[PDB]
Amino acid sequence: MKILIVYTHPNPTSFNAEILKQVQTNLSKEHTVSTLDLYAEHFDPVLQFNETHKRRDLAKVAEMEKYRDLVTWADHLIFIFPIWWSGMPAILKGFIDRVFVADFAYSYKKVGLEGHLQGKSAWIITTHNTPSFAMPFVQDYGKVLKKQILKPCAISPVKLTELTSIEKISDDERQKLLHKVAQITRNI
């Protein structure tokens, strides 16, 4: 199928970069794969609207067309990013802000939202340094993107994979987490 990897990290020799390689290398050659490196793209995450440039027409903003086109083309989205302050890094938050706009990703109905990206699925791979037991007692940590961003847009299902205590553990342990990510990627 058509696969869009949206990758978020400033350092090309990061552990998250390593996670990107695992996915790319283990994705079947039957898939058609494009990677969107937000940092390398120099993506501008700051959403702007006014009376001059109306919110209503955010769906037709020229600079964002390439990214709208990438999302519409994809059948399965894979997000790779570290948890910064319980959440997506700013560049990735703004990818959503700017690209997932009304009349493109969803529309307003009588009561709530109507999703428009149906037929689409996603996989979220997050890294962070919070222990696994602590996780029921925390806000977001990938759950906002999954539960309150991708789902409302009709994208289903969404698998959320957290690699936890990621700095406290050993290289050895991180290699094992890399192996499982490769494994999971293989069985898609």
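Residue numbers here begin at 1 and follow the sequence given.
Stretches compared: 47 to 55, 151 to 159. Higher mean C-alpha B-factor in the entry: 47 to 55. Mean CA B-factor, 179 to 187 versus 1 to 9: the higher value falls on 179 to 187. Residue set 26, 35, 126, 132: peak C-alpha B-factor at 132 (per PDB entry).
By the numbers in the PDB entry, the CA B factor is greatest at 138 among 145, 122, 138, 70.
Residue 93: CA B factor in the lowest third of modelled residues in this chain (values from the PDB entry). Among the modelled residues of its chain, residue 105 has a C-alpha B-factor that falls in the middle third according to the deposited record. Sort the modelled residues of the chain by CA B factor and residue 113 lands in the highest third.
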